[PDB]
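Here the structure is laid out as structure tokens; the discussion comes afterwards.
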Amino acid sequence: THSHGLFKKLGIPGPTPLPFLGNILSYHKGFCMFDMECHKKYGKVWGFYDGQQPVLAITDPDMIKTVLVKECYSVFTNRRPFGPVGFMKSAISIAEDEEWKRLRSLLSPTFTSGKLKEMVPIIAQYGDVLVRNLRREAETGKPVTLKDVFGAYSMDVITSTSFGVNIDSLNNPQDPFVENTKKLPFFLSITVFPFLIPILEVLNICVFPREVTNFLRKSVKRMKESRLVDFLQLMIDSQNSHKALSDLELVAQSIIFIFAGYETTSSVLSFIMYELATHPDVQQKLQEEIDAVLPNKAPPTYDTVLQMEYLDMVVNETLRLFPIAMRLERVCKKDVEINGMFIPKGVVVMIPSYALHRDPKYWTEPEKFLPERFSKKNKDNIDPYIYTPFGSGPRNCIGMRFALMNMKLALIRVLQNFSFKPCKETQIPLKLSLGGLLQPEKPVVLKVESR
Ligand code: HEM
Ligand SMILES: CC(C)(C)OC(=O)N[C@H](CN[C@H](Cc1ccccc1)C(=O)NCc1cccnc1)Cc1ccccc1
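Numbering (PDB author numbering), first residue to last: 27 to 210, 218 to 261, 269 to 280, 286 to 496.
Right, here's the structure in full:
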């Protein structure tokens, strides 16, 4: 401090920072709107200050491939530290440098195409629970709240795919497991006072409600010492060139997988049905493709799901409009030059996916939901360093292939059985949380009718 001079020195444009806040007052309309403005105001690069912390935004595809891929192990290894985390410092999304490189290795074979193929029968069963739970609301010509029935499904898939537990969390009861995973303004006060993190690190306040973490540390070792197909097993099978996964490190990845697979898989299926509700020709065209591949509502399989090319298109286009990570970020750990531009040590480099996904300069009619931009005809003209819903490089979304599968096995089973109609209480056009998450302002609600 006052570091507020640093992009004025390097000759890089940007909104002027108020002392101690940087430009965080500019986050009132949301991260996403701030980015699209600074994109149009300033060009290919710009910078702003979260409190005292310099963030340099980059939009050049080569410069992005340099950062995410070429210069990753060397310069851009870690993301921006947030806290207090406590024992979750050992989670993979959060660890740094060699403790991350190690965790990546030990957890990479779990996410293989081969491992995921053996998960398909387990992920199939809870699509059925999803249909009956949906039917009891479809036979009752009353509108349905999507994040609930999709959250109950998203939840049903995680506990089973990561620990073996088997519930119908929607109805089936206060089963000992549904409630600690329930408790999945403070995170703004970190940005002006990041010097208060180590304060909170010595005070063992956990952003993870300390209790939940106490429930699963013991619940993991209950399962650990009972058995002695799922994530906890493929992890336990690994700890039998790197020191092996400890017992609290394993609990912490189990947690990272529960966070990951829950409100992401749930919120995306929301955004996709909304798109499918308010665009009923795409709904029918997909319903057709599903019935040609799986006649008579034939149960989907691994291979049949990678077969549906329109299903992939609807998914990708929905994610282009709703890249639920909004931004990608890496901390620059050395003085470096990349594609002819100096970036000093400590800067946080940021890629505004949601800006790029909705940039007219690459996307014709970007606000329109148009799945044909991913036709095998047109899918080739898409710069993979513009469309980046799962990141890129060695730090990208490790769960990429599984989420895509899990979400697609949800849609197939549901669009075989129901058609989805707008209700008078549907928010149209849907509006994004002015807040800090990519979710709908008003929850997505729609009419469900049985085919
Ligand atoms: C629609 C679903 C999902 C989307 C869009 C998504 C997206 C992302 C993105 C953008 C990143 C950051 C990539 C980067 O930093 O360049 C990420 C990281 C990560 N994701 Fe996903 N994710 C999804 C679901 C999941 C699921 C189901 C898991 C299951 C375990 C998962 C596990 C992770 C982990 C562990 C990381 C941190 C990677 C690391 O630090 O090495 N994600 N995800
Ligand atoms: C803005 C601040 C700093 C306050 O929120 C974050 O801490 N960040 C987000 C979520 N963090 C979680 C871990 C987490 C989340 C909330 C509370 C406590 C612990 C993560 O790592 N979940 C794996 C996962 C997530 C989403 C897609 N796929 C996999 C978003 C994010 C983006 C990219 C990678 C990781 C996380």
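C-beta: ideal position from N, C-alpha, C; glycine also.
Straight-line measurement puts the Cα of residue 402 at about 11 Å from the Cα of residue 369. In the three-state DSSP reduction, residue 201 falls in the coil class, being neither helix nor strand. Judged by DSSP secondary structure, residue 176 falls within the alpha helix (DSSP H) whose first and last residues are 172-189.
In the three-state scheme derived from DSSP, where H, G and I count as helix and E and B as strand, residue 375 is classed as strand. Per the Cβ contact rule, the region 120-133 is not in contact with the region 402-413 (fewer than 3 Cβ pairs under 8 Å).
In this structure, residue 180 sits away from residue 301, with a CB-CB distance that is not shorter than 7 Å. The region 228-235 makes no contact with the region 57-64: fewer than 3 CB pairs, one atom from each, lie closer than 8 Å. The beta carbons of residue 338 and residue 349 sit closer together than 7 Å.
Taking the Cα of residue 64 as reference, the smallest distance to any Cα among 77, 47, 440 and 82 is reached at 82. A distance criterion of 6 Å places the beta-carbon of residue 138 beyond contact range of ligand 1, judged by its closest non-hydrogen atom. Judged by pairs of C-beta atoms under 8 Å, the region 375-393 touches the region 101-109, as three or more such pairs exist. A direct Cα-Cα distance of roughly 21 Å separates residue 388 from residue 224.
Taking C-beta atoms as the reference points, residue 313 and residue 452 count as a pair closer than 7 Å. Counting the other Cβ atoms within 10 Å of the Cβ of residue 170 gives 16 or more, which makes it buried.
When DSSP states are grouped into helix, strand and coil, residue 49 belongs to the coil group.
Here residue 496 is exposed: its Cβ has fewer than 16 other Cβ atoms, across all protein chains shown, within 10 Å. When the Cα atoms are used, residue 287 and residue 136 turn out to be separated by approximately 16 Å.
According to the DSSP secondary-structure assignment, residue 104 is paired through a beta bridge with 376. Less than 7 Å separates the beta-carbon of residue 394 from that of residue 93. Using a 10 angstroms sphere on the CB of residue 226, the tally of other CB atoms stays under 16, which defines it as exposed. Bridge partners of residue 75 according to DSSP: 80.
Rounded to the nearest whole angstrom, the CA to CA distance from residue 206 to residue 248 is 7 Å. In this structure the region 251-261 lies against the region 291-305, because at least three pairs of beta carbons, one per stretch, are closer than 8 Å.
Comparing alpha carbon positions, the residue from 46, 156 and 44 closest to residue 463 is 156.
Leaving aside the five residues that flank residue 279 on each side, the residues in its chain whose CB is nearer than 6 Å to its CB run, in chain order, 290. With a cutoff of 7 Å on beta-carbon distance, residue 142 and residue 188 are scored as not near each other.
The region 317-324 makes contact with the region 457-476; the number of CB pairs closer than 8 Å reaches 3 or more. The three-state secondary structure of residue 165, taken from DSSP, is coil. Under the DSSP assignment, residue 467 falls in the beta strand (DSSP E) whose first and last residues are 463-467. If only uninterrupted beta strand (DSSP E) runs of at least 3 residues are considered, those enclosed by the region 416-484 are 463-467. Check the Cα spacing between residue 178 and each of 165, 164, 204 and 434: the tightest is with 204.
DSSP lists 83 and 374 as the bridge partner or partners of residue 395.
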